[PDB]
């Protein structure tokens with residue numbers, strides 16, 4: 001179903017395999033397989049001759065002044081796995097490891113790494129059988145150490161390497177007995193070819209960008225719900241304003257907001273350019289409404305830029321040395337340095353914090369009667385019961401998540417240690433931890449967006465009540481935001497009705513289970529995600 | 001065993017109860033109990049009279065313009081728990097919750113919160129029976145929301161509140177049936193008194209400072225091992241140098257290094273002031289050795305300052321309004337704002353990153369033959385086996401942890417949202433997330449220090465070999481570092497011997513299990529901690 | 001020379017006007033002047049008809065619920081200049097004030113602002129006569145207050161508005177007297193159209209990008225000289241490696257290094273795949289050299305991204321309300337939010353810090369005989385004089401500037417105040433202080449790079465001495481870095497000679513003067529900058 005070797009992988013391809021279990025297959029294309037065999041031939045012949053190659057007939061890192069004889073060329077590679085067995089911290093999520101292996105297979109198919117096809121198939125097999133090596137969150141300065149757990153597991157080096165076999169923990173040798181596979185012995189270069197790359201960090205980063213794209217589209221849907229709850233105007237998104245300031249991101253954002261807001265009963269419909277006075281209100285919407293597309297443009301634009309860079313990283317040969325069989329040569333290079341990943345993730349986190357903080361400003365308007373254009377304080381539901389404080393707690397919780405996202409928007413690629421590994425790795429990317437930090441930012445932004453969805457949904461109901469005498473917002477919303485509003489209400493198990501808004505009395509729900517249910521629907525690609533799929 | 005109500009709690013007291021299960025008891029002192037009853041009396045009488053008190057006969061937050069009648073005064077408090085049920089993220093570790101409850105009990109014993117003794121005893125009971133409410137990592141801007149899970153669990157409000165009962169998950173009502181306790185109904189103020197404070201964040205922060213103090217002492221022991229492995233001099237720590245620059249922290253650090261290094265065979269012993277030329281080496285030790293006490297002083301000093309502030313926070317009445325029975329009055333105040341916690345944790349993280357980074361510089365010297373004063377590259381063990389790269393992987397992993405600690409040393413208290421809860425909480429501490437971030441920094445610094453311990457231990461062995469012809473460093477070290485070296489070797493299960501250093505061949509251990517075993521010994525207060533207990 | 005209103009302005013166009021005093025003209029395009037006229041007539045009409053329009057018949061920001069009538073519509077615009085006269089701190093460099101007026105004139109030509117041509121012409125005249133209003137570094141959250149000093153000066157509103165007139169401080173009414181210009185009265189909307197855009201911050205930013213593109217080219221030239229000095233190999237830059245990791249930036253970095261190093265005698269020329277054991281030393285160059293194209297890729301690429309976004313912001317209409325004469329409507333909108341400028345500048349400072357850190361690591365290699373591959377300690381010249389310590393103080397100084405560049409690499413866009421201006425401006429960009437902050441980054445970087453260049457020139461002299469027994473690197477360097485080498489030696493006034501390297505004895509020069517002289521030459525677009533002309537249009 002996903003074919004490896006032929007065409008370039010997309011972030012979506014990566015995500016299908018990682019999360020959804022999408023089957024994988026190596027191309028059968030004989031030029032591709034010839035390439036793989038040719039570099040293999042080449043490395044074999046070079047070691048036969050005792051020729052100097054980095055990490056083949058040489059030590060590793062700042063010990064690349066230790067020459068290694070033809071007779072210790074295999075063992076060299078097997079020892080590489082051992083001394084790199086020094087991971088720590090929590091485990092990566094299994095989907096990031098699936099992603100890693102898919103990328104490594106992709107790297108190898110290019111025929112410049114000198115690795116046996118049989119070692120590449122081992123990953124196809126693990127992918128299809130649902131065997132996932134354990135990889136730790138610490139050990140890479142950007143992925144030798146994380147990739148040695150992948151390799152040692154693939155070759156069944158030792159019972160000390162653990163794996164997940166469809167939800168069961170077991171040792172790698174045992175997993176290979178179950179798969180009817182024999183243990184493998186690394187040939188010269190093959191350890192290095194297994195371990196000397198950016199597959200893991202890029203793997204984590206591929207899934208981050210996937211989830212961030214989605215959350216951006218959900219966030220867009222949230223603002224659209226906010227603008228309606230607020231009786232804001234659609235004029236701000238008028239194509240004339242944005243064509244005269246034509247950043248791609250701003251042009252896209254304003255135009256998507258037009259689609260989102262179209263045919264809404266709750267919005268001030270003023271694409272004609274009407275804007276009479278209002279009281280007690282200001283003649284214009286506040287900045288969070290009015291400058292939405294100018295604010296969001298660079299964010300939208302940056303997430304695209306990063307998506308574009310990750311896609312090249314995913315389809316790169318990322319490894320050292322690179323075999324050039326056409327010239328019967330090998331080169332010592334630096335493609336293992338994941339600078340696009342380390343910096344793109346620093347960027348991704350920074351943008352997520354900027355999205356969260358804008359959304360939180362929309363909530364502050366909603367909750368505050370000074371700024372909500374006539375909604376009850378904290379969007380309380382039942383005003384006959386004076387003890388209700390409505391969403392006061394839900395706001396505070398959102399006020400606690402958002403600062404943290406901006407904190408995580410701090411960077412890490414500039415914090416690299418110049419003394420790293422014997423002073424040999426005097427520049428490095430910090431790409432691996434940057435990528436795991438990015439995963440942290442996305443996991444937390446998912447809970448954040450869930451809270452923002454809750455505010456939006458409750459708010460339109462309470463605006464509907466001001467408009468119609470009832471709480472069933474579905475006919476008053478634009479058809480596009482009605483899909484999302486009704487996806488959210490489906491997930492949380494509260495059906496829209498005319499006599500009740502989403503939240504009536506405080507003692508009637510735990511708001512925590514709604515956050516949890518919504519975050520889990522977003523994470524799983526559920527009905528909330530599908531409701532905004534046209535934006536993606 | 002730990003008595004609550006009498007004398008001020010220490011960070012050590014907090015830690016014993018949280019981690020070690022130390023029993024707890026309310027004082028029987030009748031002046032203390034009179035105080036508790038008096039404020040209770042006072043609040044009861046005030047509500048009888050319909051008198052305006054914040055969060056008693058009033059709404060909460062920016063809805064404190066909603067007056068609340070005497071007849072809805074109880075329900076008001078019960079609803080406070082419900083609308084604050086909006087936590088998200090991972091759970092706090094159980095020891096931080098034990099700490100919270102201990103602090104809340106401590107707060108309440110001061111007789112200014114107007115809460116029933118019976119509600120204070122409920123916490124004594126939960127503490128002693130090993131019942132630990134679930135609290136989420138998100139919801140507080142600094143602790144209403146986290147404390148509502150504590151309260152609802154203590155009073156068995158609903159099956160939706162979960163708890164840990166000695167390692168088993170169950171619902172709070174069920175836990176109270178098992179403890180033969182009846183559900184409670186909150187009286188006016190009591191919800192607020194349960195929830196309106198800094199007990200959780202301070203709870204988390206108490207245990208962070210405890211663990212950081214320990215890790216500082218271990219880190220000191222590490223440097224002492226490094227200075228020996230390097231054949232550095234003891235002259236740098238000479239009391240004359242430091243008395244003339246007499247910062248407390250620097251005076252303490254240099255003087256402790258004297259004790260640590262005393263009677264070592266591996267150190268250049270030069271307190272007499274001898275310093276002849278050396279070759280090929282520089283006449284002086286590099287800065288990481290020589291400026292150790294000047295560098296560490298402000299760190300040591302800051303950790304003390306923070307310890308001092310947390311101890312006041314732990315023994316504070318932290319709550320609003322405060323009942324003054326002596327004047328038969330109540331005051332609206334701000335003691336719920338955890339500014340010392342939010343800022344002290346920002347500081348604590350920043351220092352941890354500075355400790356990690358200095359230690360990592362000591363490792364770079366150890367691993368690099370240009371700077372190690374004659375040790376093998378990467379501290380390899382068996383040089384007859386050319387494939388050994390020794391600790392190359394262990395270094396890279398340390399190079400990946402340290403940048404992250406400095407990243408976490410970024411601050412959060414300055415990132416507070418001024419729009420928080422209806423614009424009412426226009427300043428806030430971010431103390432709760434700061435504190436959980438601090439816990440992150442300590443959990444990671446524990447794995448970091450484990451790696452540094454491994455470098456030190458291996459290094460002295462390899463220096464011993466240069467000195468004596470064997471690998472048993474125990475008689476060549478100072479008696480103080482021999483305790484720590486032998487604690488580490490005990491934990492990892494490798495016994496010192498004359499024919500073998502800690503690490504001989506790479507394929508002979510997984511370095512990951514050693515990191516894990518050491519971090520877990522440090523976390524549990526094991527033999528590594530005890531080995532440096534004289535420093536604390 | 002630079003015609004405003006016709007075609008899109010580039011960052012080169014802006015820099016030439018701001019820095020080089022290039023002359024400027026408004027286009028005579030009749031469709032362009034008709035549009036300007038039409039929006040002018042639209043506002044005239046709407047206002048006399050009593051139409052409600054923001055900041056024209058209201059009420060600014062949080063007080064946009066003040067109805068103001070046509071009888072007060074003129075005095076509203078004039079009072080807008082007064083209450084905005086609240087700048088603080090140091091003054092903008094005059095070049096960024098010139099850029100700021102260039103872009104504001106450019107914005108107005110597009111026809112959606114309803115401003116008198118005569119006021120757009122007034123900016124042309126100031127630019128060409130070399131009259132520059134004083135503008136302060138604080139007052140904008142991203143440019144009402146800064147642009148109010150431009151406006152106030154242009155119309156000669158009051159003697160307290162100050163200008164530079166070709167080097168002499170002067171009040172603004174005095175400068176209009178010298179120009180034989182009459183003071184102007186702002187009609188309805190004109191004051192807002194004058195002050196409600198992104199011209200200043202985008203002005204500051206455009207000059208930043210220009211200076212960074214240049215410092216990137218020089219940086220590359222510095223790496224090429226370090227590579228030569230350390231007898232590194234050209235093999236890292238082989239197209240086969242980078243074609244298999246085809247990031248645009250990394251391809252470009254690799255390919256420019258192949259060009260910079262072409263026909264050097266100080267490299268190990270191994271594009272054939274040759275890689276013998278060194279003795280007793282590492283078979284590969286360290287990461288600073290070997291992962292150079294991979295490390296520089298995102299930076300090159302990011303600077304290009306920013307440059308593209310700034311070129312769009314330069315050419316955008318930034319005010320509010322916007323007049324659409326085709327449908328006879330004005331729209332209330334948000335183009336005045338310079339979000340691209342705030343986050344872009346954030347990114348730019350970040351990238352500069354990253355360039356600096358890589359350069360400083362290369363200096364570490366050169367100064368240290370453990371890693372220099374046989375060069376003398378601290379790149380010392382006269383070894384016979386034992387008291388010499390060569391470039392030891394010069395490295396310390398570089399070590400004190402590089403961490404400060406990475407510090408400035410922190411962001412400010414994410415630190416916006418949500419309670420800004422009566423809670424009306426609940427999102428904002430911080431773009432003005434962000435670009436202000438980028439100017440400080442760029443200025444410091446010009447000093448850092450001078451230090452970097454000095455380490456490179458000295459080191460190739462000493463390597464050439466290693467190779468040939470003399471100190472003239474000119475013959476041994478690749479043509480492309482010879483140009484740069486000679487341009488630096490020219491600027492500091494110490495000639496290449498076979499007998500002597502750049503730095504012989506410590507007491508023969510103040511290194512501080514050499515830093516100052518190279519820094520000034522880069523800032524001025526002098527011979528050091530011309531030496532890397534080739535790298536620039538790519």
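Chains as they are written, first to last, in this note's numbering: chain F, 1 to 536; chain U, 1 to 536; chain G, 1 to 538. Backbone N, C-alpha and C fix where the C-beta goes; we use that ideal spot for every residue, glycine too.
Where residue i falls, given that 16 or more other Cβ within 10 Å makes a residue buried
i: residue 82 (chain U); result: buried
i: residue 213 (chain F); result: buried
i: residue 454 (chain F); result: buried
i: residue 349 (chain U); result: buried
i: residue 240 (chain U); result: exposed
i: residue 396 (chain G); result: exposed
Enclosing beta strand (DSSP E) for residue i [first to last residue]
i: residue 258 (chain G); result: First-last for residue 258 (chain G): 248-261, but that is the alpha helix (DSSP H), not the beta strand (DSSP E).
i: residue 170 (chain F); result: 168-171
i: residue 534 (chain G); result: No beta strand (DSSP E) holds residue 534 (chain G); DSSP gives it neither H nor E.
i: residue 164 (chain U); result: 162-165
i: residue 26 (chain F); result: 24-26
i: residue 491 (chain F); result: Looking at the DSSP string, residue 491 (chain F) is not in any beta strand (DSSP E); the run it does join, the alpha helix (DSSP H), is 479-492.
i: residue 2 (chain G); result: 2-4
For residue i, the three-state DSSP class (helix, strand or coil)
i: residue 445 (chain U); result: helix
i: residue 529 (chain F); result: helix
i: residue 176 (chain F); result: helix
i: residue 148 (chain F); result: helix
Distance CB(residue i)-CB(residue j) smaller than 8 Å
i: residue 404 (chain F); j: residue 391 (chain F); result: no
i: residue 43 (chain G); j: residue 58 (chain G); result: no
i: residue 537 (chain F); j: residue 341 (chain F); result: Given a span of 1 to 536 for chain F in the structure shown, any question on residue 537 (chain F) remains unanswerable.
i: residue 445 (chain U); j: residue 251 (chain U); result: no
i: residue 457 (chain F); j: residue 488 (chain F); result: yes
Range covered by the alpha helix (DSSP H) that runs through residue i
i: residue 240 (chain F); result: 239-243
i: residue 83 (chain F); result: 73-83
i: residue 56 (chain F); result: It is not in any alpha helix (DSSP H) - residue 56 (chain F) carries neither H nor E in the DSSP assignment.
i: residue 204 (chain G); result: 199-229
i: residue 518 (chain U); result: 511-523
beta-carbon residue i near the ligand MN non-hydrogen atom, thresh 7 Å
i: residue 131 (chain U); result: As far as ligands go, the structure on display features none, and thus does not contain the ligand MN.
Output the residue ranges of the alpha helix (DSSP H) runs that lie fully inside the region 86-140 of chain U and measure 4 residues or longer, sorted by chain position. 94-108, 117-129
Quick check on the DSSP output: what are the complete beta strand (DSSP E) runs of length 3 or more inside the region 300-367 of chain G, in order along the chain? 322-324, 329-331
List in chain order: all unbroken alpha helix (DSSP H) runs of 4+ residues lying wholly within the region 364-407 of chain F. none
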